[PDB]
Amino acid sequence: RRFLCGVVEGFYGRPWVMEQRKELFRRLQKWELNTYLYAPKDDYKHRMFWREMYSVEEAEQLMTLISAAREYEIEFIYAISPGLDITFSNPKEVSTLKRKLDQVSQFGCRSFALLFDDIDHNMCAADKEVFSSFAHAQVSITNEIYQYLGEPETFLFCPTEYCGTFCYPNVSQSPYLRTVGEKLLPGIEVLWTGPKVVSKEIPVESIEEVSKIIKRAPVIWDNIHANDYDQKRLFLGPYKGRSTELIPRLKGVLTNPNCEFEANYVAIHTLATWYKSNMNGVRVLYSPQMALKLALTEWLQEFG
């Protein structure tokens, strides 16, 4: 079946360079992972200044990167966060988005994502009049961009209510998630981080509740090893607190790891081990402590 498993480079702070990125693909491949979601919050062209097109070199490097992804059998997903200053009802905006994603398509990209995370719930007057809710406006543009791109294989959407403790007034009774659940096209996959932003545990129970209201199984954007919130902490622990009983009940797991690129060996290693331990499971198999000794052994060789 289809399962998206890898890393999401979606943190705040100094993003990763192309050399680092090509290495991530090399590691992702070696460990039998299959996806890379390009979403660095701090890229001007990605979020704040989303309208801007990539210059000759900017375009050159992304082309290279996208070609490396192909070369290591890693699915590259280009994400874009317009949600800050975008005017949904204005078609000039829709066309600017269309034109922006077109340039990326010309670099080799065939997988896309639209993110509306970490953005205020209030719409402007133009959007307020036209669209019934913020959910409605997002669902509209996303669906339009899905079809415009020629209904691609992998198309990802990120809700504003992306985790349990962000759903008003609760998960199952959310009008935002309901609108998404109903009106967002079935071909499009939805990102979820679990109960909290940085979930201690992601229970099967919670993935059922959210899978209901969105009328699809989510793609987890895991923040277990993310360290942006506290740059005085780093996480070398094993992937832990996500049952292998989740793999059948989900479309994928993308890990948002430490800002510090090199310190993600154990995190991406144990994740690969996790996934693989119940790959073909339909509906224990994974010891984090055992996954860790394996990760740390393979890592040790890198130091020499």
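Don't overthink the numbering: it's just position in the shown sequence, from 1.
- Compared against other deposited entries of this protein, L292 counts as consistently modelled, with coordinates in all of those that resolve the residues around it and thus below the third mark.
- Where the other entries of this protein model the residues before and after it, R283 is dropped from at least a third of them.
- According to the PDB entry, the deposited sequence contains 10 or more residues between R283 and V284 that lack coordinates.
- In this entry, the higher average B-factor at the C-alpha atoms falls on 132 to 140, of the pair 225 to 233 and 132 to 140.
- The question of which stretch, 170 to 178 or 216 to 224, has the higher mean Cα B factor is settled in favour of 170 to 178.
- Per the PDB entry, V210 shows the highest C-alpha temperature factor of the residues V197, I74, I77, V210.
- Comparing C-alpha B-factors across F261, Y38, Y44, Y239 in the deposited entry, the largest value falls on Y44.
- Per the deposited record, the Cα B-factor of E32 falls in the lowest third when ranked against the other modelled residues of its chain.
- Per the PDB record, residue ranking by Cα B-factor puts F49 in the middle third of the chain.
- Among all modelled residues in its chain, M63 ranks in the highest third by Cα B-factor.
- When the modelled residues of the chain are ordered by C-alpha B-factor, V56 sits in the highest third.
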